[PDB]
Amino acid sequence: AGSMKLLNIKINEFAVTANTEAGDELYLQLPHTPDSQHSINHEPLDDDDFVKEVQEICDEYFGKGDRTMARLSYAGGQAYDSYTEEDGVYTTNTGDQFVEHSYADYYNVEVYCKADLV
């Protein structure tokens, strides 16, 4: 944890990048699963509480009130504006499709897989 501010947030298909008031550079493979490899500056980051606090801030930012929008944004690599769901397939405002990830029930994390051809 910390009382510093996240001065900068960016999103990729591969990770969420963050820059803090203290000057640190987070590189976080969101959502957080056992598969995630996070980086603080350019050394590995193993503080799961720190990663989950930044992930709560990111869920608030990218998904607005709906976290699901944040998880779809992580899966898609871009900050989406809205989404709709039908029969388990989630379509964002840009037309991108997603399904629940195979690991969602086992990790007990809300993760999504980009399903282009579903």
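Note that residue numbering begins at 1 and tracks the sequence as displayed.
Exercise for review: Averaging the C-alpha B factors as listed in the entry, name the stretch that ends up higher: 39-47 or 59-67.
Suggested key: Taking the mean B-factor of the alpha carbons in each, 39-47 is higher.
Point to revise | Mean Cα B-factor comparison, 48-56 or 71-79, giving the higher one as deposited | key: Comparing 71-79 with 48-56, the higher mean C-alpha B-factor belongs to 48-56.
Check your understanding: Compared with the other modelled residues in the chain, in which third is the CA B-factor of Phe98?
Key -> Within its chain, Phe98 is a lowest-third residue by C-alpha B-factor, going by the deposited values.
Review point. Going by what the PDB entry lists, where does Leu7 fall on CA B-factor within its chain: lowest, middle or highest third?
Key: As the PDB entry reports it, the C-alpha B-factor of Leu7 lands in the middle third of its chain.
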